[PDB]
Every structure is written in structure tokens, then in C-alpha cells.
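Encoded as C-alpha cells, the structure appears first; notes follow it.
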Amino acid sequence: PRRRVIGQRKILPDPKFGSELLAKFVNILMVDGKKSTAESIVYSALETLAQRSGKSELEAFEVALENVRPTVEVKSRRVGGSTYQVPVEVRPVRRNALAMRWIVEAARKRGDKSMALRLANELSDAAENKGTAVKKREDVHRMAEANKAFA
Amino acid sequence: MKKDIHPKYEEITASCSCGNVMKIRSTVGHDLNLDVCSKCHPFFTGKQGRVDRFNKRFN
Amino acid sequence: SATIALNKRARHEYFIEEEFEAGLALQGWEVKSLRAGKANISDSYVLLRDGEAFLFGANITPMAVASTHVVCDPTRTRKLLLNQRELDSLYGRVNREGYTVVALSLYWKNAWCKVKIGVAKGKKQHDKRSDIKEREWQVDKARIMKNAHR
Amino acid sequence: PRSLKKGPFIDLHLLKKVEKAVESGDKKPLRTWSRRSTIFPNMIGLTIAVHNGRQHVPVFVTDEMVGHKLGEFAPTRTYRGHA
Amino acid sequence: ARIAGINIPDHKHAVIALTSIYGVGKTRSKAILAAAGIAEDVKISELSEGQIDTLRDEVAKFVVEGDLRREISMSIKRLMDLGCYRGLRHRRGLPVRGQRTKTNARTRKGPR
RNA sequence: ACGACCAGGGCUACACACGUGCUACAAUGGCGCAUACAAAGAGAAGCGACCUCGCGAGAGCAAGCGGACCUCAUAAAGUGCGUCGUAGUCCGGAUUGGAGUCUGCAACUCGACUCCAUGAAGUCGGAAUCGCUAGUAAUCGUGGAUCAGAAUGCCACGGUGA
RNA sequence: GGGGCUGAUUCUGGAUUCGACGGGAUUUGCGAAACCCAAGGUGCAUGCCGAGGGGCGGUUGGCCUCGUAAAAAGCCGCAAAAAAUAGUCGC
Ligand SMILES: [Mg+2]
Ligand SMILES: [Mg+2]
Ligand SMILES: [Mg+2]
Ligand SMILES: [Mg+2]
Ligand SMILES: [Mg+2]
Ligand SMILES: [Mg+2]
Ligand SMILES: [Mg+2]
Ligand SMILES: [Mg+2]
Ligand SMILES: [Mg+2]
Ligand SMILES: [Mg+2]
Ligand SMILES: [Mg+2]
Ligand SMILES: [Mg+2]
Ligand SMILES: [Mg+2]
Ligand SMILES: [Mg+2]
Ligand SMILES: [Mg+2]
Ligand SMILES: [Mg+2]
Ligand SMILES: [Zn+2]
């Protein structure tokens, strides 16, 4: 803001693994303030991915979230007044903070008989750098390579 | 008739719910199960206030 | 052998919000005016009346092939028209405040004469500031090309 | 509607003249201002002229009208049509 | 399952598989098929043909698919007789359930 | 008589537009029935613990607290596993249909409220885009107000909660 | 004054302004002016004599009513100027 810059409150973990990432992940996986069966959807995706790609959760989930990370990414500041979409850096907080959101923007598009059933495949996709979150990453890196000269 | 351009025309059965069954010549092959026959045609056979309900429903 | 007419001196004057593409009904002796390119859409604003829209004031001039004698009038309350599901709601839009709806262009598409329709706002107006944002954008981008490059 | 165990509501002296109408069976159109009741079972086919604000509207009762009221028969919504 | 011939997507429960059948739905059919012997949560799966057809008179003792459409057709015909408030609002083009028509009546009045 | 009284009607009008908002377009889920869990107030020309007829709206005659005592009243979203299991559909509930209850001199205009049947658009919305920095926003009720009767409103309180 | 050219981008050819408007056709329902009979309902009844009407007047020569003779109706003129937002602006 302007007057008092604030630092965030600290992190309280989630039950099964105690993970400070996944506790903040159940909140983006939370709609209407309900953690209850939202974390059942989380552990449903954690049942499916940590059996369809091998290793135990607390490391094996991180492969796709490593791969969908940005290096440089765009925003607008009116460097002209047109849509000169300015590319810019990113703090490592915001790296993961929008990297998880690029998973949930793909979670809002899948089509099984249950949304807990829906998320069986996106992290095993983006581990191999396929899917739709890597299409989002490819879009933002395409725009990054496009507007590179604007510095 | 001409010998060529007219379809196969045989007699099939036709039963109805009026007791009057008839089997005549048509084009399909299976029993044309009838709806209503000409005697059970409701011409002289079908068409041949609630004050009391007001006292019925309460008083 | 006439091209598309216009009444361009309205668009940077009023507010245009939502647009509709009418038809007409030409009333007896005065069509080749449009065929030749003689027109006057000066201050043509559709007074909604009787559920039956009219153009008034517009001086479509008589021709000279049709003898100028038993011709109709230059100005006439000419009965405009337009489809019911497009007409039958705009009364609630237009019948509130100092609004009229104007004519825009007596063009012709589909080999057929037309008139455009768009809801307007007012004239009792400091009509400055979006004629000011143009010179507070052009000069601003020149100034910031100067700043970013230079 | 009303709860059905009541026994519906008409005027006292106009019920007396309904009983006069069953007693008579006469065929006179009387100027009448009652609207807050039902077309009863035992008031079959006698004509009067009911209030509708300013004019007076004739109504003919029907023995198929023992569920409704006698207040829809007077439109006081001033409606000639739209335009 | 099968009542009055009008066939249906078969693998539902009968109590809501007869909802194309105009006349039986989410509460009444729970007793209607229970009179036959199948409850309101079981589908057509492993249900025998006789256990299907023990209902062709139990529904026929009530209002059936070909019955209710004609019932409300003839009932709106009878109620359209006189010319009351429900003799002009059912014909001018308005709702009759008694609501504000100066805004939001377009279910009866017309898709805007 | 620009005064005052009386019976009804109308402010709720209708092809419109302008707002303020609520259940929707579904699978965290409406669906199954008991279940893991509280605050806040309000009540005697009223609130109401009963039993039973009431599985339907209500109740007949009636037992208690002027209220840390009798109440409104057991929270729903939390959980056992399964159905319509991606369908304009068992979504989603509106226009209707008869059937019943209430309070009320009198529920048609002009009331909620109920039985059962019914199923129109709607499939995350172009532009004007508005609100919010932690118990905040979203989301679930519970009670007071005027009031015979009734609030998707306004008034407050409680769970989860980025 | 005679003579030529121009009379809808069809110019020997066939309008689709999908464009609410005037006239016609089809689908539709219950009132008698869209239609008809006296049985299903029912009493002091119909009409010709004669007579009368909203601070005030008129019309179908007639709409409510009346029995040896007189009191009450739907719409029109005198009048609520029944312009509601008024045309594009300032005074
Ligand atoms: Mg049904
Ligand atoms: Mg049901
Ligand atoms: Mg009064
Ligand atoms: Mg009001
Ligand atoms: Mg407000
Ligand atoms: Mg109370
Ligand atoms: Mg009981
Ligand atoms: Mg539950
Ligand atoms: Mg399930
Ligand atoms: Mg539903
Ligand atoms: Mg029902
Ligand atoms: Mg729909
Ligand atoms: Mg959908
Ligand atoms: Mg602040
Ligand atoms: Mg009151
Ligand atoms: Mg109250
Ligand atoms: Zn027959």
C-alpha cells in the first residue's frame, strides 16, 4: 500500500502430511469458505496422483508445480497507453502463488462425474510438461518472448 | 395394372378393442393393431353446478 | 448511380449507446432523390408517437424528372418502421428525460433504402472532457515516447 | 381460499332477501352494491346490477359459481387496452 | 419401467422414470410403485417382467400419462367459461397467481 | 365548504427500461435417515413444555414460565456408503391444476402457508464494470421490528472461512 | 419550336428491405349479431293504450322503470384545457 507495508501472518498446516504448501493449497481449493470436503478433493487428487506416478506425496506432487513455474511474466503498466503488455520479473512467493493458480484454472475445466475424480491427471500431465497448465505457461512465455524489447 | 412399379400388396391382420376384427390388404406385412373401429366410433355410441358437492365437502 | 449518404455531424455531439437498423415507408412521389443523391437529414430526430415512429423535419427534396408539380412535400411526418421485438422495448429506454432518437444515414444495403437508429443523450452539456482526453492522450503518449526512448 | 369449515360470509339482511328470493322467484333487476361474498347455491338465476365504482355493471349469477367470490365481476382497473 | 406404453430410458427407478409420464413424480410414486412391490430407490436392474407389469392397474386407478394433460386441458377449458378475474387474466396474456406485472412476469408474458 | 363522515376500489396497472437482491445454471454435490456442534434475544387483548388424532398445512379440550427455571429450538454446510453419475437432466425451481389450513367484521382484486402432479429460460455472462486487507469477503441460519396476518428487505448474533 | 439523351445497379425481366402498417388466408375458443331449438332451471308474465328521465342539454324515435297516470339510465355539446418529456438553449 502507501502507509504501512505489511508482512503476512504465518502458516498453520493440514492434517495428513503437515505441509505448509498444501494447507495453503486447500484454501485455493476452497470454495465458499468450506475446507471440509474440499480437503477430501485434495486427498482424492493425492490418492490418484501419488499412485499413478509412483512416489509418496510430499515430494512427488512438486514435480508439476516445478515445471509450471514462470521465469518472466507479463502485466500492464501503460508503458505506452496501448496493449504493450509489459514483461516483468516475479518474486518467488508470487511464482508459486500463481503457479498453483494455474493448476486450479485447469481444475475449473475438467469433466468427470466428480470434481474429486477430475484431478487425477493434471499433475502427471505437467510433470511430462503436457496438459493445460503448461499451455497457460506456454502462453505467458510466448508473450514474454514476444514483448522482450520493452526495457 | 402395370407389372412393375407397384409394391407388394398382401392381406394382413387387424384386431381392435371393439370385438370387430378385420384382415385386409395393405403394404407393410405385420398386424396393424387398430385403435378404434367404425361401430365403436363414438357418434351414436359415445355421446349416445356443484351444490351437492358443496354440501358434500362440508356443511 | 448515387453512393452512401451520411449525416456525420451527430456522433461526436451526442452519446450513442445501442444501435438499430430501421426501414422506411416512402410515400408516393419522392424516391429518386435518394437515387440521385439529394438529401437533408438536418436535425432529424424520431419523435416516438402512437407506437408508430415518424421522421419529421427532414427535407428530402423533390426531383426534376417527376415534374416538381404534383409531388409530395420536402418535409413530412414520414412513417418509419422496424421489427416488433426490436421496437417494443425501446420506449422504456427513450421516454425518460431529454432523450430523442435521431436518424444517422439514409444508406442502402440489400438493394434497399435504410435509416439508422441510435438513442441520444442531450445538448445542454459541457461537452468538453472527452474532446479533452484526446489531447490528454496524444500529447501524453508523445511525452512518454520522449521519456522512455529519450 | 378461506378455510373450508367456516361457512362463507354474506350480509345478514341481504341473506334475508336471498331468502326472499327463494320465497319469490321474482324477476326484478335491483340496484345492488354488495361485492364481498360468494354466489350461493340457493340464489339460482336472479339478475341485479352491482357496483363497480362509478357506473353500474349488470351480472348474471350461475349455479356453477359456488367456489368463487362476487368481487371479480366488477373491474375497477381502468383498462381500455394498451394504446 | 412401463406404464401406458410410453417407453422411457429404462435404467432409472420407476418412480421417477415415470416423470415423462405426466401424473407421477417424486412423492406420490414412492407409494404408487410400493403398491406393486418395488421401492423408490431401486432401478430396473434385476427386476423381473411380472414385477414390472403388476402396476398397469394400480396407476390406472389414478391419473396416468394420457390422463393428466387432458385433465388440465379440460379443466382450464371449464375455468375459462365465465369471465371473472380468471376470465380476463387467463386470456389477455397475464399470469393469474397474483403478482406484480410491472416488472418480472415474462414466463407467461414472453421471453424478452 | 380544499373542510368532516360511510360502503368498495386503487396504490400490487402493462407489450417496457432503470436499479437495488435472492434460490439457480450442478457433481465440494439436491438426493438416505437418525448422527460429530453453539451464541444471541423475544413472550401474558401473547409466547406455548403435552398426549393423540396431523406423516399434508392446522389443531379440539387443555397442562406451565411475567421468564439464568416453561418455551421459540434438535443447526444447516460437518459424517456411513449409494442412487439420477455429465443429461436441459431426479439440476433448477418459476408459470399452472384441483385439493386443505390459518389468522381475520371480510383472503377475488388482496395474504402467506400446505398436499400431490407439473417442469420456462438459465449452461459462469460483451461493454458501464462495483465491494473487500482477517475472523474481513464469500457461504449456512437464528431471533427482534412494525404487526390480528406476512417479509429474497432492513435489524442484530453464532460456525466454517481464503 | 422540332430532334437526341436521362425515368430505380438488370440494362428483353421474376424483389428476400425476416422489418411490426392497411387488406386477405390457416390454427383457436366461447360470448348471439359468427349460429339455432323449448326441454335440463323458472313466475303472477309479454306486447299494443297512455306516461317519464343524471346543477343542464343530446342519440337508437329509444336503453333501466310504470297499469288508469309520474319519480330513477352507457355514450356526445357548454367545462377540470385532463401538453404526460417540451424538442436539443438558455434569461
Ligand atoms: Mg409425474
Ligand atoms: Mg413428487
Ligand atoms: Mg373506504
Ligand atoms: Mg407503491
Ligand atoms: Mg438501499
Ligand atoms: Mg415473535
Ligand atoms: Mg401425529
Ligand atoms: Mg446433511
Ligand atoms: Mg453420491
Ligand atoms: Mg427440480
Ligand atoms: Mg405436488
Ligand atoms: Mg430452459
Ligand atoms: Mg450448464
Ligand atoms: Mg482499512
Ligand atoms: Mg395492521
Ligand atoms: Mg412479526
Ligand atoms: Zn370406434
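Identify all residues within the range C:111-138 that are over 30 Å from C:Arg93 (Cβ atoms), more than 11 Å from chain A (Cβ to nearest Cβ) and among the hydrophobic types (A, V, I, L, M, F, W, C); write none if there are none.
Step one: list which residues in the range C:111-138 are over 30 Å from C:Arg93 (Cβ atoms), which gives C:111, C:135-138.
Still in the running and more than 11 Å from chain A (Cβ to nearest Cβ): C:111, C:135.
The one that is over 30 Å from C:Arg93 (Cβ atoms), more than 11 Å from chain A (Cβ to nearest Cβ) and among the hydrophobic types (A, V, I, L, M, F, W, C): C:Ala111.
Here is a yes/no grid of residues against (1) more than 15 Å from C:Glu18 (Cα to Cα); (2) surrounded by 15 or more Cβ atoms within 10 Å (Cβ to Cβ); (3) of a type outside the set (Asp, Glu):
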site	(1), (2), (3)
C:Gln84	yes, no, yes
C:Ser89	no, no, yes
C:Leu104	no, yes, yes
C:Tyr107	yes, yes, yes
C:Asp127	yes, no, no
Given the structure, is B:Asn59 loosely packed, with under 11 Cβ neighbours inside 10 Å, within 14 Å of chain D (Cβ to nearest Cβ) and part of a loop (DSSP other than H, G, I, E, B)? yes
Given the conditions (1) within 14 Å of another protein chain (Cβ to nearest Cβ); (2) within 11 Å of the chain's Cα centre (by Cα), report the number of the one that D:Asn52 does not fulfil. (2)
Would you mind stating whether E:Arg92 is of a type in the set (D, E, K, R), surrounded by fewer than 12 Cβ atoms within 10 Å (Cβ to Cβ) and within 13 Å of chain D (Cβ to nearest Cβ)? yes
Enumeration of residues in the range A:24-62 that are surrounded by 17 or more Cβ atoms within 10 Å (Cβ to Cβ) and within 18 Å of A:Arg95 (Cβ to Cβ): A:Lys24, A:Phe25, A:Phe61
Does A:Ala38 count as touching an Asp or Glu at 6+ places or on another chain (Cβ under 8 Å) and more than 23 Å from A:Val134 (Cβ to Cβ)? no
For the structure I just gave you, tell me whether E:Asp67 is over 30 Å from C:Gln84 (Cβ atoms), acidic (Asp, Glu) and away from ligand 1 (no atom under 13 Å from the Cβ). no
Hey, which of the helices (runs of 4 or more DSSP H) in the range C:48-150, taking only ones fully inside, have at least 3 residues that are more than 16 Å from RNA strand F (Cβ to nearest atom) and more than 21 Å from C:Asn7 (Cβ to Cβ)? C:138-149
On the given criteria, is E:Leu18 closer than 27 Å to E:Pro95 by Cβ and within 16 Å of ligand 2 (Cβ to nearest atom)? no
So B:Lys47 clears everything in (1) away from chain D (no Cβ under 14 Å); (2) outside any loop (DSSP other than H, G, I, E, B); (3) closer than 30 Å to D:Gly67 by Cβ except one condition, right? Which one? (2)
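Would you pick out the residues in the range D:61-81 that are facing another protein chain (nearest Cβ under 8 Å) and not charged (D, E, K, R)? Step through it out loud before you land on a result.
Of the residues in the range D:61-81, the ones facing another protein chain (nearest Cβ under 8 Å) are D:62-68, D:72-73, D:75.
Selection gives D:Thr62, D:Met65, D:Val66, D:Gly67, D:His68, D:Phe73, D:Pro75.
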Considering only helices (runs of 4 or more DSSP H) fully contained in the range E:1-78, which possess at least 2 residues that are within 16 Å of ligand 11 (Cβ to nearest atom), out of contact with any strand residue (DSSP E or B) (no Cβ under 8 Å at 6 or more places or on another chain) and away from every other protein chain (no Cβ under 14 Å)? E:14-17, E:28-36
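With the condition kept exactly as written, say whether any residue in the range E:49-66 is within 11 Å of RNA strand F (Cβ to nearest atom) and acidic (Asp, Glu).
Of all residues in the range E:49-66, those within 11 Å of RNA strand F (Cβ to nearest atom) come to E:62-65.
Cutting the leftovers down to acidic (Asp, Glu) gives us E:65.
The answer is yes; a qualifying residue exists.
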Which residue, of B:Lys3, B:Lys23, B:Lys47, is surrounded by 10 or more Cβ atoms within 10 Å (Cβ to Cβ), over 30 Å from D:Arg2 (Cα atoms), more than 16 Å from ligand 11 (Cβ to nearest atom) and of a type in the set (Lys, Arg)? B:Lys23
Test A:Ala50 against the criterion of being among the hydrophobic types (A, V, I, L, M, F, W, C) and over 12 Å from the mean Cα position of the chain (by Cα), and give yes or no. yes
Somewhere in the range A:59-71, is a residue out of contact with any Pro (no Cβ under 9 Å at 6 or more places or on another chain) and within 30 Å of C:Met145 (Cα to Cα)? yes
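Looking at the range C:46-67 only, could you name the residues that are within 12 Å of C:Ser33 (Cβ to Cβ) and either of a type in the set (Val, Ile, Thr) or over 18 Å from the mean Cα position of the chain (by Cα) (or both)?
As a first pass, look at the range C:46-67 and keep what is within 12 Å of C:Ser33 (Cβ to Cβ): C:58-66.
C:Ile60, C:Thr61, C:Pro62, C:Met63, C:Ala64, C:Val65, C:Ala66, listed by residue number.
For neighbour counting, all protein chains shown are included, and Cβ atoms are generated from backbone atoms with ideal geometry for every residue, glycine included. Read-outs throughout are calculated quantities, based only on the coordinates presented, and are distinct from any laboratory measurement.
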